[PDB]
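Structural features, examined
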Amino acid sequence: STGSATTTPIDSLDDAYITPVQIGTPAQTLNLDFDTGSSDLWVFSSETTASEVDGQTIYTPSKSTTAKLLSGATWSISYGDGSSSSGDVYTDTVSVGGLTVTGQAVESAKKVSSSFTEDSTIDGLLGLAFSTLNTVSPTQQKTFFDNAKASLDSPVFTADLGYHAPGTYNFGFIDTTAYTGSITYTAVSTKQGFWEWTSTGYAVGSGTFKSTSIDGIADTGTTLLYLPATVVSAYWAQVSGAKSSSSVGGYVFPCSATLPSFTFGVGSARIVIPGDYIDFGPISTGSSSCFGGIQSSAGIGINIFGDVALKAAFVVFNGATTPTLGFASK
């Protein structure tokens, strides 16, 4: 089997991407944030505290003939940005882009933090990291990908995120028309439950490539590119007037600037992030200070190849017995 679904930016900054997902019978379609940095599929629901729902589409398990309470199971998750959610669990039929999993754990939110309430465009998350990170207790549950894997033509999914445009998540096949050149594969460590890999270095603009190992995660659920302070300082030093602002919470730059590109290494291959991808616009409406898309990972504890980086590539998440990651230009 295979699946193919379009993923669409939630706003003009590509802050996140939503993908329609069919849950239950008859189908209830919710727009979920596919997150390769976590491993819970959770939704706004008829159980979510009413004051914490503001415009989201909810899953109502009582209206699904295939929903079953997973008795005694609860979940609770906290994300890197400080947001959180928690609740109980149903199993139900879940389909993405024509690919159907029966018996999928659908985590129903009883509580969500303010960041989720305030984002009316995201109806929940669909985790695509390794199932060892799943938060359901006392019986840990599998991700949609883990459940689908055995049925897939090939044990892979791909992320093809757009810059200010829709893109695609495919399951079970590699679309050889969706990228240019060849795909370069690189080793993955699953020790922390993430799609963790080591970049071979970087360049700023037209500068020389610096060969250096940068361990980090491929995380579709993180907006920006978070790298070591040394790397980030070298990038912003090439932008006149750029500075790190503790009051704003990172590097800012004059909105009048033209940003240089940023290149990262994948083995001997190179992925180029155009300068425009690194512009996240005014810090507040009407400001001439703009927020940078490359930020320091210092104090996160991990480097994160978020959407800024991933959208510059066609990315293969290979979930074979020995997992790997592939990157191609596009």
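Residues numbered from 1 in each chain as written, not as in the entry; some residues may be left out. Heavy atoms only, no water. Residues with missing side-chain atoms left out of burial classes, pairs and counts.

Deposited coordinates in this entry are attributed by the record to X-ray crystallography, at a stated resolution of 1.2840 Å.

Broken down by element type, the protein carries 4 helices and 24 strands. For 330 residues, the compact-globule formula gives about 20 Å, and the C-alpha radius of gyration of the protein, at 20 Å, lands near that figure. In terms of its C-alpha atoms, the protein occupies a principal-axis envelope of roughly 60 × 45 × 30 Å. In the protein, the share of contacts with a sequence separation of at least 24, taken over all contacts with a separation of at least 6, comes to 66%. (Helix = DSSP H or I, 4+ residues; strand = E, 2+ residues; numbered from the N terminus. Rg over C-alpha atoms; globule rule 2.2 N^0.38 Å. Contact = heavy atoms within 4.5 Å.)

Bringing the pairing of strand β1 (residues 3-9) into the picture now. Residues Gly3, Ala5, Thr7 and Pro9 line the buried face of β1, whereas the alternating positions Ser4, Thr6 and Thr8 sit on a face that is not buried. Where β1 lies against strand β10 (residues 167-171), 5 bridges are found, and the strand directions are antiparallel. Bridging across to β10, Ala5 finds its partner in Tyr169. Across 2 bridges, β1 lies against strand β2 (residues 17-23) in antiparallel orientation. What sits directly across from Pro9, in β2, is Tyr17. (Buried < 20%, exposed > 50% of the residue type's maximum accessible area, 1.4 Å probe, protein only. Pairing = 2+ DSSP bridges.)

On to the UniProt feature "disulfide bond" in the protein, then. Formation of the UniProt disulfide linking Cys255 with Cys290 is confirmed by an inter-sulfur distance of 2.0 Å, under the 2.5 Å limit. Placement of the pair is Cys255 in the loop between β16 (250-254) and β17 (262-266) and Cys290 in strand β20 (residues 289-292), with a sequence separation of 35 residues. The exposure class assigned to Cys255 is partly exposed, which follows from its relative accessible area of 30%. (Disulfide = S-S within 2.5 Å. UniProt positions renumbered as here; feature names shortened; annotations may be inferred.)

Pairing between the strands of a sheet is mediated by backbone hydrogen bonds and can be parallel or antiparallel. Overall, antiparallel pairing links the 4 strands, which are arranged β15-β16-β20-β19 in an open sheet. Of all strands in the sheet, those with a lone pairing partner are β15 (243-245) and β19 (279-282), marking the two edges. Across the sheet, the mean angle from the axis of one strand to that of its neighbour is 40 degrees, orientation sign disregarded. Pairing between β15 and β16: 3 bridges, direction antiparallel. Across the sheet, the residue bridging to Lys243 is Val252, located in β16. (Axes fitted to C-alpha atoms, helices over the stretch in contact; angles between N-to-C directions.)

Attention shifts here to the state of the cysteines. Scanning the model with the defined rule gives 1 disulfide in all. What pairs with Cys255 in a disulfide is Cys290, and their sulfur atoms sit 2.0 Å apart. Taking the sign of the S-S torsion, about 110 degrees here, the bridge from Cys255 to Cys290 comes out right-handed.

Let us now look at the UniProt feature "active site" in the protein. Here, the residues flagged by UniProt with the feature "active site" are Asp35 and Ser199. Take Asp35: it is sitting in strand β3 (residues 28-35). With residues up to four places along the chain from it excluded, the contact list for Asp35 reads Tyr79, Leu125, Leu126, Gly127, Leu128, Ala129, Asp219, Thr220 and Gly221. Within polar-contact distance, the side chain of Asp35 engages the backbone nitrogen of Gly37 at 2.9 Å. Tracing the backbone through its elements, the reader meets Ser199 in strand β12 (residues 196-204). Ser199 gets classed as buried once you look at its relative accessible area, which sits at 1%. Among all residues touching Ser199, those that are not within four sequence positions of it are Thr212, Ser213, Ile214, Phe264, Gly265 and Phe305. A polar contact of 3.4 Å, which involves the side chain of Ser199, links it to the backbone oxygen of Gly201. (Polar contact = N/O pair within 3.5 Å; in protein donor to acceptor, adjacent residues only side chain to side chain.)

Here we take up helix α3 (residues 229-236). Helical geometry: 3.6 residues make up each α-helical turn, so side chains three or four residues apart lie on a common side. Of the residues making up α3, those classed as buried are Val231, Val232, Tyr235 and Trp236. The arc enclosing the buried residues of α3, seen along the axis, measures out at 125 degrees, which places them on a common side. (Arc of directions from axis to C-beta.)

Our next topic: the side chain of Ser83. Locating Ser83 in the fold gives a position in the loop between β5 (68-78) and β6 (84-96). A relative accessible area of 5% means that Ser83 is categorised as buried. At a separation of 2.7 Å, a polar atom in the side chain of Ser83 contacts the side chain of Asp81.

The domain architecture assigned to the protein consists of domain 1 (5-174) and domain 2 (175-330). Taken over C-alpha atoms, the centre of domain 1 sits 25 Å from the centre of domain 2. Residue-level contacts link 30 residues of domain 1 with 32 residues of domain 2. Of all the secondary structure elements, the ones that give two or more residues to the side of domain 1 that touches domain 2 are β3, β9 (156-160) and β10. (Domains from an automatic or database assignment.)

The description of two aromatic rings rests on the distance between their centres and on the angle between their planes. One pass over the full model with this rule turns up 25 aromatic pairs. Relative to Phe44, the ring of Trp42 has its centre 5.8 Å away and its plane inclined at 40 degrees; by these criteria the two rings are tilted. Classification of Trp42 by relative accessible area gives buried; the value is 0%. The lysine or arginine in question, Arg270, covers the ring of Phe209, its NZ or CZ lying 3.7 Å from the ring centre. Geometry around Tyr277 places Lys311 over its ring, the cationic atom sitting 5.7 Å from the centre. (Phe/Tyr/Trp six-rings, centres within 6.5 Å; stacked < 30°, edge-to-face > 60°. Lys NZ or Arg CZ within 6 Å of the ring centre and 35° of its normal.)

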